[PDB]
Structures are given as C-alpha cells and as structure tokens.
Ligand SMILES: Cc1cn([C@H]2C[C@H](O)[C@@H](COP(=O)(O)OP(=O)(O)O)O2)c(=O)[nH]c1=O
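Only one chain comes next, encoded as structure tokens, the form solved without this ligand.
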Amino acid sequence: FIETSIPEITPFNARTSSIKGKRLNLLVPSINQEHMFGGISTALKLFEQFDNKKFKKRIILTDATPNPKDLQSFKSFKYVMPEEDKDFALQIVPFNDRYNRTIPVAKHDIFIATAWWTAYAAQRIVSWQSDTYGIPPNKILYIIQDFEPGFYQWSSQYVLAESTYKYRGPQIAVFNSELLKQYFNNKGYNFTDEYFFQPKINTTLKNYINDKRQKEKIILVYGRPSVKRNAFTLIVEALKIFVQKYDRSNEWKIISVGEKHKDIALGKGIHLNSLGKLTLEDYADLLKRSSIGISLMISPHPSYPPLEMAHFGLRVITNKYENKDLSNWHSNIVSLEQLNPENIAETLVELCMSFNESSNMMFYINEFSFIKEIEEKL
C-alpha cells in the first residue's frame, strides 16, 4: 500500500431539498466528548451564539459518529439520517461514511466550516448549489483556528488545506485570535470579510486569580505528545540538559499537564510526572503553587496555557513564531527567539536562580459580539 488518494477530500455529495428558510449548517469532524477539545468546543460555542429564532440549525458530522452518551449534551437536537429530509429547527446528521450517499442541501443552506477539509467540501457544495438553483454563490463562514497547512509537511494535504484560503467565492473568515488574523494578512490571503475573537480566561480559573499563592519549587510543563505543535519531545530534551547541568535540579519538581502520558526518566532519578487533564479546580490549585512554566506553540497562535500560567504568577518559557512574540503581552512571559534544548535549559536555570507585575493583555480577563453583524450578512 502506497499513498494513492487523499481521504480528507472524499466527495461530499448533495441532493436538492424543498426546505424553505435560512438554515445554518455547521460542518464539524466530530461531536464526541472524546474529541471535545479546543477547536470543536470553540466552534460549537460560537455556533450557539447564532439566533435560533432567525435561523434553523444543522450540525453535519464529517469524520466520526457519536455515542448515545455523546448525544446527551445535544438533547435539544434531533439525530437524523442523511437519507431523510425533515424540516426540524435543530438537527444533527452523521455523514462520515459518504460513498454513494448524499445529504439534502436546501437553496438557502448556509455553511460554516471548521477543519480545512470541511471548508474544502463547503466550497464544492456552494458551487453545486449555485448551479442547481440558478443563484449567486452563498457566503461561507469559515472559523479559522490555526494555519492548518502547518499540520502537514509540504505535501498534497498542505496545498489542499491552503487551497481553502485561496478560494475566490464569498467567504467570511472568523479567526481564533488577532495574531492569527495578522499572520493570514501578512501572507496575503483575501476573504470577503474578516473577524477575530481574542483568548479569554476560563471562567473557573478567573475566580482563583486573586487567591494568596504559596509558591513551591515546581516547573509546570504543558505536555501533549500527540499534538506536535506543542513540541513535547523538544521540551523533554531540554529537561534532560537542565537536570544534568543544574546542580540544584534535585530541589525541583517537574510536572506535566495536558495529555496523560507515562512518567519519563530525566536523569539523576528525577522524572517528568504526568498529571494529564485535571478538573479546573485542581488545575487552578497547581497553578497557584507553581513557579515556572514551559508551554510551546509552533504556530502564530498564542495558545492558552502560557496565558493562564502568566496570570497565576509563573515565569513562563514560550516561543516566538513569526509575528508572534508574547514577551510584550505580559512581564511573566519569557519568549525564546532561538528554540533549541540548550537555550530552553539555560533559561530554566536562570529562572530557577531567580526564585531566590505588568500586563498588556487586559482583554484576556473580564466576546462574540460580532455574531449579530455576521447574522445580517449571511
């Protein structure tokens, strides 16, 4: 088996429908609690802001089908097969097994894309829709949450994901973060309209932000082996240099949050201890007592953990990436221009020795106001 075809772009065939009103269609890979992380969770929150009184609503599942357990967090929605065509106000349709099957697409069906392959499909549905109903192309809403070609080496998927940004028909970009919008602007992408939303502190975490802290000798690592953008292996190699080169490294505890993984030997009997996904209560507790953080994001997006860590009194090691430099956002953030295990280890020694106030990101504490503005354009 050599790579022949591209699974992300399996045709997404439609048939016509009699359904009359405006209907917003959110294309998401999955709604499984299993996959209820970052992007999908944000898209759903955003989709929830659209006025139900003004738009019917359908969620189309592109990659995975839910459990009965999964559907419990969508009780108000009707679960409906694609062979069916029913005028429900709220519905969910599984469509990850698409071969020789179609989904009903109405004249005024409007599409909201998330993952690049969902936008890839939406842009082909819109053309089919235009030809079929004899109408000008409807606007697509594209919730852009990272430069998704960066999830791939230069390859077919890289250029197909980038192709979604070069689409010339009507398309509203909504960016996760201003920095990401600006990265897109600098590369010269054009959209009919552009919007962004900024990172906002978790509401549970904010309630702990003013608690008295009793700082301990803890280095807190954002550890996600499965998300390569988080540079897990680079952090681990940096920790090994730190442990060997710093003679006081035995005084320190090194802890991982994010993704549960096996504890890793770092030298001198010291381990990176994985806690994984904590409740927000427990995470807040760990942040209050932690003194140094490491959180890398190979992307123009700031990522959330460095922002959380900085507001809880941690000196936080993170990375510059092109237009992104978080060192200007908050006095607790240390940004590395040259990212190798040696510089990370050196910086960690200086920070450990520092253990022995200024914020320019007031937006982060105290959101989708532009949704009404978008409602009127769709």
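From 1 onward, residues are counted along the sequence shown.
The next section is about a form of this same protein that is not shown, the form deposited with this ligand bound.
You can rule out all but one of 155-163, 180-188, 217-225, 90-98: in the deposited complex, only 217-225 has residues with a heavy atom within 4.5 Å of this ligand. Checked against this ligand in the deposited complex, the residues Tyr246, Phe196, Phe147, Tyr304 give one hit for a heavy atom within 4.5 Å, which is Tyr304.
For the options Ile298, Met81, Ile209, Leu280, the residue carrying a heavy atom within 4.5 angstroms of this ligand in the deposited complex is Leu280.
Remark: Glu308 counts among the residues lining this ligand in the deposited complex, judged by a heavy atom distance of 4.5 Å or less. Although the partner is absent here, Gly258 sits close enough that one of its heavy atoms falls within 4.5 Å of this ligand in the deposited complex. Mapping the unseen interface onto this chain, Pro137 falls outside it, with no heavy atom inside 4.5 Å of this ligand in the deposited complex. Put simply, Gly276 is close to this ligand in the deposited complex: some heavy atom of it is within 4.5 Å. Interface residues of 138-153, taken as those with a heavy atom within 4.5 Å of this ligand in the deposited complex (partner not displayed), are absent.
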